[PDB]
Amino acid sequence: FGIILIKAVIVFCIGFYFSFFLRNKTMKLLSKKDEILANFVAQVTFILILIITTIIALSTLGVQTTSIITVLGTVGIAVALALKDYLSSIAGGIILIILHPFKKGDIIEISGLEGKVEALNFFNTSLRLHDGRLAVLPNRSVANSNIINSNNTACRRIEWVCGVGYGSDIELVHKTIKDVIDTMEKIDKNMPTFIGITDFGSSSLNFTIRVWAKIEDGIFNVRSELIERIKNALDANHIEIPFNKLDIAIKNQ
Amino acid sequence: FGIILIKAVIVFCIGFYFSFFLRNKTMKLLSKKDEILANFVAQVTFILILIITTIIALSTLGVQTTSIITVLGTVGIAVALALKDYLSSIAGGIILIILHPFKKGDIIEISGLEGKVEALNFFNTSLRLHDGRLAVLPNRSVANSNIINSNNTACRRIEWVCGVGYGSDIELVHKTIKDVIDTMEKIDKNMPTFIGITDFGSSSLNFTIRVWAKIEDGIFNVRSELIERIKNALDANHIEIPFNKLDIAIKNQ
Amino acid sequence: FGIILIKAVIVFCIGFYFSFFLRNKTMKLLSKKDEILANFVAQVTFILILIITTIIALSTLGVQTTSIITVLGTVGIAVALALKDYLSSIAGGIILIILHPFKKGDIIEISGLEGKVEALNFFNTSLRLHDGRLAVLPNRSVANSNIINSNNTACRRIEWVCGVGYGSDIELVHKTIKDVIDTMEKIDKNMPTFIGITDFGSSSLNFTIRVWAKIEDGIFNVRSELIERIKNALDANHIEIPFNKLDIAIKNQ
Amino acid sequence: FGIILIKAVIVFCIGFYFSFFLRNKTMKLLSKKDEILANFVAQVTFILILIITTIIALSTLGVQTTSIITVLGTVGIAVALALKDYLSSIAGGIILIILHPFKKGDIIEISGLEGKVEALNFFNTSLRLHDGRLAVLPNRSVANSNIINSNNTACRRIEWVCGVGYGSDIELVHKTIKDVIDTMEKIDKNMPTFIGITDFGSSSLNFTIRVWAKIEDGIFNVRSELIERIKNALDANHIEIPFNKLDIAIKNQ
Amino acid sequence: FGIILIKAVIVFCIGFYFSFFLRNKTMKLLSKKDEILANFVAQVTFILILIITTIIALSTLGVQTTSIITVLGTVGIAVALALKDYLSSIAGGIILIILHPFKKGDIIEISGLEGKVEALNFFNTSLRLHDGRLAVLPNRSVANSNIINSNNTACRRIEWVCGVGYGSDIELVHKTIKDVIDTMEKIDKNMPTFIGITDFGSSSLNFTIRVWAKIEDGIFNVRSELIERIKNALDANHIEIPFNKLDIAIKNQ
Amino acid sequence: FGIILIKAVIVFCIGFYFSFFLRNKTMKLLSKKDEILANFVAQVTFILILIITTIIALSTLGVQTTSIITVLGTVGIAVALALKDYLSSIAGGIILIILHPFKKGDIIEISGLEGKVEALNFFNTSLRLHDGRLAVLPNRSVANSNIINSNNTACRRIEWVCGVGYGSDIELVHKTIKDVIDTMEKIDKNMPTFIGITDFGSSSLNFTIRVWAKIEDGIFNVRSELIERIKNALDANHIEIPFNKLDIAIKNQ
Amino acid sequence: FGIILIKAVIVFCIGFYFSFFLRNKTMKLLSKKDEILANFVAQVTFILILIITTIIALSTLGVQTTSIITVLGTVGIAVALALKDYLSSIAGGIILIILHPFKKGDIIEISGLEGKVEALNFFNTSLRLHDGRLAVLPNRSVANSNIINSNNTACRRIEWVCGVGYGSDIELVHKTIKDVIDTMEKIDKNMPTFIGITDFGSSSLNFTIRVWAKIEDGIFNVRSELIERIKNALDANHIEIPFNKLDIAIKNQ
């Protein structure tokens, strides 16, 4: 009866050694990066090569391994699952790096959060915000949301709704602004300006100002000076900016 | 006992070479596009053709490869899974390109974000916004939301709720507007206008103005001038636009 | 040893030709519709018919194809997955077309977005809005939301909360409206009207008007004119519509 | 060598005819319902029975069909997937019809949307709303939300927060209402009433009125008349309903 | 050649009858419940036992049924999937009934919707609301949300933010309330009361009243009467409850 | 021909008995806990042991069981799926009990809902709220949300924004509070206090008060007394807490 | 007939003992950590090694184990599924620990919840909040949200919108602040300051102040003092900070 019975501990041990050489070529070509990693890829690659060796050695004896493989299968599957989201941050980065419509130094607006890019981690992306802290956005997140590059086009629009005296003229202000526009140093004339009465206001009339500028000096800055001159001028032309107006009627009871 | 034992390293090497020719016909008809790409499709196509050759070579020896194939399966599956979303951006595009109710130069409103289209990447779509930065919308997202083409129909409605002296006549204003409508240059007569009292207001009476215009020189221009003349006229007819009215009653305690 | 060694290149090629006749009966009964489509269904149908032939030909040699099949499988699966959502827009339409509670020319209100229907694409659905732009709603989206047909029933209710002098009588107004109701040309008498005091208001008393009308010439027109006469009459009966009333008490400190 | 080689076109054709008899017993006991349906179930049932007979006929030749079945498998799966949601509208209906806590003529409140039921489609459900349009709610949606039957219980509570002069008595009004309650024709006495001061108000004192009534005649009218009487009475008892009170203190600067 | 060819119509019919006895022992121990149910479980159990008999009979002939079983599998799978959510309402109920931290007669607040329980259907749960209509919540929904039993504990807290004259004393009101607390018939002394100044108010100072009561005759009653006494008392101690106070400063322009 | 034909009813019955002994060792070591459970685990364990015995007995006859196993699998799978979420409440608990960063008597804030813990059911978790009712939170929910233990750290911060006469001094109040702080019995000195001007207010200046206290006698009380002293003192130092200030300008029209 | 019949109870028991040695080397290497854990891994590893032994011993008899394995499979799968999310908290942590862009002592802002990190549990993460309670964030959650490290960059921006007399000069305040900036001890000069008129206000004009500071002493104190000096100075320069301005018009009716 003997050869099977022997062929088993022949095989079982033949591979069982190969658990050392592959726990230690795991530890050889990748270990001494971290304790956590050297003993995780050397624990798992090991125990795995082990359980494959056990299953295989029971197979040479003539045992039904269909039952164990069903368990190993349905194990491996809960594993496939834990790492779904992590590995999708990984191939998130793989696709990001490879196909990039984004690269380091650009500034963007991922999901409402705008900052200049600092890092393309294996799984993570890092922004140093205008706040100046560093957000660490997992690649998974990034690769699928609307990535809004601000850097990829050199000029950007600017806007207002500058409330006037609700009683000033359609063209008075239409020229005081058309004048302050020009007096601006930081402004483009090749890019149009749409400055009209946008809407009836509650206590003030509201003028939109659409203007363009260059990415280079602007941020928010240009808008702040634009207003500092459309004040210096609207204040100057005996043109009113109204505090909330209210029409009181009085009656006693 | 020998032939199996030999047929193994026969086979094993036979294919094992074929790891060079397909690491290097991977590197041959695809590489030199990028370091990342050339060593990723050449690392994976390789390591794969390798693990297939090992398994096959152990199969010629008479070994149960059901155990390893179960692991290879349940690996490949975690892989199937990481690339679900990416590859659904890809065939997103494929469908997008092929079936298009959209094409470059059109302006649309994908998910609240309106801009003219600049790019149909493999996975990505790019809009230069009216802001003027370029959003990079993954195809996945696009192929499944409500794509609102503004370009595919030549004319668009415009609207108001123009507040009036809450005491002015139902037909007075009904004609001052029917007059300013006509005096407008940029305005269609073949397309209806619905200008009636929409609602009782809190401090003002509210008139809707529904009007149509052409895509060609419209957007916002038309509406802003429309208002610039419905003020130039409503201001002109001794018709009041009210600041918020309030009926104070007084009593002491 | 020969025959299998030969039967391989027999078979392998036997089918390998059939890669041409099915690359080009792919290109024959389907191509010339587009470059993207003719070379996509002719690339894929091809490469596939190829990898099936390879696998088959290694099978006639006595090679374990379990390893490759497991990869082919786990590939095909990531594919099954990318097209989950697209193909569910497809059979979305299939169901939509087939079982329709909806058909072209009807107006509806899919997910808050109301417009007349213009297109039933294979995947997509198109509405020309009352805006007049054309939304392109993927079938996947439509087939599963509450589809609100406005066209399927000939008559629709209309409503108000018409604020009055908070001091006028429960029946005074109850008759001025019951009078303006009748004087209306565009109104149904077979459909009831529920006009009564709905709620105590903050500065005004609030009357609901529930009235019915016909789809034919309704929408905007009816409700706006109804108000134009319930003003022409309420203004006329020395019945007040109040601006926000406020009871000031005064005391110094 | 012959018989296999022959047994193939034997088999292959044997079933290959059965493509006609099952394209046309598809077209026989089901078609003529529609063009879309007669040629869809006759195209698919067909191409299916075809690809089954191909695979089978290559099987009688001794070919590895594991390759093709893997593809047929992983195809069928993307199909399983497109129709997940549709078919769950179907078995949505099956469970709905079968186990119903709802039936036609009842009025309900599915997801905030209340209307009387008009249809139980195979996948869809239809309500003619109070509005009078007909919503078409897919069975999938319905079978899983909180279905709120209003018809399944004969009596319903009604409510207020009736603001009073903030200075009137805890019992004065507590009786004026207990009196208007009784004077109501449309009200139940074996159903309690909880009419107490519910909350200190900002400018007014707030009384809750909890009352019951019958489903038969209460659509809006009961609450609306209720108030038409609690006005006819509160107005009458020299009990104030206040416009927003405000205690002004004055000081100059 | 005969026996196989015969063993087929032997087998095929042998089971084929067993389609009658199992369409009719489907119809025998389960039917006459409904028409929908008796012909659904008798259609399906049948068609199924049919397609199992066809496949088996082609198997005795030596035909490859790997192709058909792949389709039968991939069908059965689109089925597993339509009934994922329904059958999880079912085992929802199974777990609910079995492990209950809830049973009929208790009142709860599932997902913001509070009512006394009336039904534990197979898949559904029914509440008669304090509205008095009966919601029908599918078991799926219930077994997984926060089920907030109100009935499982005999006493419940009550609360206020009772605005005072912002000028009254920290302890004056602190005793008027400590006095109104005791004078209440419906209150617990073994359960603490936390009545302090909670927050500076905008126009009024704000006092929290935390008090306990018994489920038996509480709900709304106790709080409404508690307030009717803390008004009867606060109104009485020359302690002001203020209408919104405002400090007007005046200057002309 | 016999033995097979006999070996079937040999086997089939051999196990078929074993349906009794395992219906009744189901009923033996588990039943009498409930009727629902004794006849559910005794119905399912049974019918299952039955369908396995049928399939096995047709296998000894030489019948293709691949058909039926395909249905048994694809059934078992719609079952795996219904109990996904229940059994994840289960192993939710298993994990919760095992690795607890939480144990009974702690108070927490799971998803906005804060209460002291009363129960760790198999699947459920119960909190008696500060309300005093008992919520029954499924383990599934808990094991995955941010579990905010309040009990696990002995001291907690407290906060204000205490509005002051917008004209008072930066240090006046800065010391009146620094004094009331000290006068407090219930307060920690080893824990810092950050009491400065946080923000310009609309009608009042706003001071934050950050202070620490002990879990022992605190929560909300210490805050309420803190304020009763910072009123007793701020009221006392001729330091104003302002009612909303408003700067009226007057002009007629 | 014997040997099979014997080989069964040979095998069955051979492994059946091995249920003791692997229930008790489960209990040997792992047990005594807890009762829950020692009898859970010793119950499951056991019952499992048991059901594998039974299936295997019926296999050596010649029984079709395809039916049982289908059930063991489809069981194992509902198990794979319960532990999806838990095990993804596990490999969440594994990836967190190994790849960290985060480490203990850093402060972050995980999903709106900012606190210093105290724990990296196997599954959980713990923050002691500014509040000072300890939140217990499951790793699953963390590894996938935007982890915002505040600690990883040494300097942070600060901001305002400091309202001024709407009538003061564009440069008056532009210098009072540029002066208060400098007078500040805790402020960086190498980091820019953008102090301009950001927007027209309703009752006040609004100045943004963008300034930088150092992580080390800043918190929220540097802003509070900044303001305490921009008050000490703005108050000082006869520069008004306005209470809400309102332009009253009066007319009687």
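Cut-offs applied
Residues numbered from 1 in each chain as written, not as in the entry; some residues may be left out. Chains lettered and ligands numbered in written order. Heavy atoms only, no water. Core = buried A, V, L, I, M, F, W, Y, C linked by side-chain atoms within 4.5 Å. Buried < 20%, exposed > 50% of the residue type's maximum accessible area, 1.4 Å probe, protein only. Contact = heavy atoms within 4.5 Å. Pairing = 2+ DSSP bridges. Helix = DSSP H or I, 4+ residues; strand = E, 2+ residues; numbered from the N terminus. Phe/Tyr/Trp six-rings, centres within 6.5 Å; stacked < 30°, edge-to-face > 60°. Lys NZ or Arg CZ within 6 Å of the ring centre and 35° of its normal. Buried area = accessible area lost by both parts, 1.4 Å probe. Salt bridge = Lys/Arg side-chain N within 4 Å of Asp/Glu carboxyl O. Polar contact = N/O pair within 3.5 Å; in protein donor to acceptor, adjacent residues only side chain to side chain. Nonpolar A, V, L, I, M, F, W, Y, C, P; charged D, E, K, R; others polar. Axes fitted to C-alpha atoms, helices over the stretch in contact; angles between N-to-C directions. Parallel < 35°, antiparallel > 145°, perpendicular 65-115°, else oblique.

X-ray crystallography is the method the PDB entry lists for this structure, together with a resolution of 4.140 Å.

A.B. asks: What's the story with the nonpolar core in this structure? I'm lost.
C.D. replies: In globular proteins that are soluble, nonpolar side chains generally tend to be buried together. Counting residues in hydrophobic clusters, the biggest one holds 175 residues, and the most contacted among them are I209(A), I209(B), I209(C), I209(D), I209(E), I209(F) and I209(G). Look past the residues within four positions of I209(E) in its chain and what remains in contact with it is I158(E), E159(E), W160(E), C162(E), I177(E), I195(E), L226(E) and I230(E). Core analysis: the second largest hydrophobic core is formed by 50 residues, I52(C), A57(C), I52(D) and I52(E) among them.

A.B. asks: How should I be thinking about the pairing of strand β2 (residues 113–120) of chain G in this particular structure?
C.D. replies: The two faces of a sheet get side chains in turn, since along a regular strand they alternate between them. All names here are of chain G. Here 4 bridges tie strand β1 (residues 107–110) to β2, and the two strands are oriented antiparallel to one another. By the bridge assignment, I107 is partnered in β2 with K116. Here β1 folds back onto β2, and the loop between the two strands holds 2 residues, one of which, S111, carries a positive phi near 55°. Where β2 hands over to strand β3 (residues 124–129), the hairpin turn is made up of 3 residues, counted between the paired strands.

A.B. asks: Explain the packing of aromatic side chains here, please?
C.D. replies: Any aromatic ring pair is given by two values, namely how distant the centres are and how the planes are angled relative to each other. Overall, the coordinates contain 48 aromatic pairs over all chains when judged by the stated rule. In this structure an aromatic cluster arises from ring pairing among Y17(A), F18(A), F20(A) and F21(A). Of note, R210(C) hangs over the ring of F220(D), and the distance from its end group to the ring centre comes to 5.2 Å. The aromatic ring of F200(F) is capped on one face by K231(G), whose charged end is 3.0 Å from the ring centroid.

A.B. asks: Would you take a moment to explain the interface of chain C and chain B for this structure?
C.D. replies: The extent of an interface is frequently quoted as the accessible surface area lost upon association of the parts. Between chain C and chain B, the residue contacts involve 58 residues of the former and 69 residues of the latter. At the boundary of chain C with chain B, total buried surface from both sides reaches about 5600 Å², with 62% on carbon and sulfur atoms. Together, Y86(C), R133(C) and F243(C) form the three largest contributors to the area buried by chain C at its contact with chain B, with a combined 13%. Scanning the region where chain C abuts chain B turns up 4 salt bridges. Between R133(C) and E109(B) there is a salt bridge, with its nearest N and O atoms 3.5 Å apart. Taken together, the connections running from chain C to chain B amount to 19 residue pairs in polar contact. The greatest single-element share of the side of chain C that touches chain B, amounting to 10 residues, is contributed by helix α4 (residues 66–82) of chain C. Its residues assigned to classes, the side of chain C that touches chain B shows 32 nonpolar, 16 polar and 10 charged.

A.B. asks: Before we go on, may I ask you to explain the sheet that holds strand β8 (residues 205–214) of chain E in this structure?
C.D. replies: In any sheet, the strands associate via hydrogen bonds between backbone groups, in a parallel or an antiparallel arrangement. Strand order in the open sheet made by the 3 strands is β6-β8-β7 (chain E), with antiparallel pairing throughout. Edge positions in the sheet fall to β6 (155–164) and β7 (197–199) of chain E, since each has one partner strand and no second. Neighbouring strand axes in the sheet, compared pairwise and without regard to direction, differ in orientation by 40° on average. Here β6(E) runs beside β8(E); their pairing, made up of 10 bridges, is antiparallel. Each residue of the ladder has a partner; that of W160(E), found in β8(E), is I209(E). The sheet strands contacting helix α8 (residues 221–234) of chain E are β6 and β8 of chain E, and the helix crosses β6(E) at an angle near 35°. Each of β7 and β8 of chain E touches helix α8 (residues 221–234) of chain F; the most contacted strand, β7(E), lies at about 90° to it.

A.B. asks: Is there a simple way to explain the packing of helix α1 (residues 2–23) of chain F against helix α3 (residues 35–60) of chain F in this structure?
C.D. replies: Two measures define how a pair of helices packs: the angle their axes make with one another and the distance between the axes. Residues and elements named next belong to chain F. Contact geometry of α1 with α3 gives a least axis separation of 9 Å together with a crossing angle of 170°. Here α1 is positioned roughly antiparallel relative to α3, judged by the angle of their axes. When α1 is examined against α3, the residues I4, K7, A8, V11, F12, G15, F16, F18, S19, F20, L22 and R23 are found in contact with a partner set consisting of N39, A42, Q43, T45, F46, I49, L50, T53, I56, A57 and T60. Of the residues that constitute the contact of α1 with α3, the class distribution is 14 nonpolar, 7 polar and 2 charged.

A.B. asks: Help me understand the pairing of strand β9 (residues 244–252) of chain B, please; the structure alone is not making it clear to me.
C.D. replies: Pairing between strand β9 (residues 244–252) of chain A and β9(B): 7 bridges, direction parallel. The residue of β9(B) that forms the bridge with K251(A) is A249(B).

A.B. asks: Just to check I follow, could you spell out the sheet that holds strand β8 (residues 205–214) of chain D for this structure?
C.D. replies: The strand order across the open sheet built from 3 strands is β6-β8-β7 (chain D), with neighbouring strands paired in antiparallel fashion. Pairing within the sheet leaves two strands with one partner each, and these edge strands are β6 (155–164) and β7 (197–199) of chain D. Going across the sheet, the axis of each strand differs from the next one's by a mean of 40°, ignoring polarity. Pairing of β7(D) with β8(D) involves 2 bridges; the strand directions are antiparallel. In the strand pairing of β8(D), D199(D) is matched with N206(D). Contacting β6 and β8 of chain D, helix α8 (residues 221–234) of chain D crosses the sheet at an angle of about 35° to β6(D). Packing against the sheet, α8(E) makes contact with β7 and β8 of chain D, and its axis sits at approximately 90° to β7(D).

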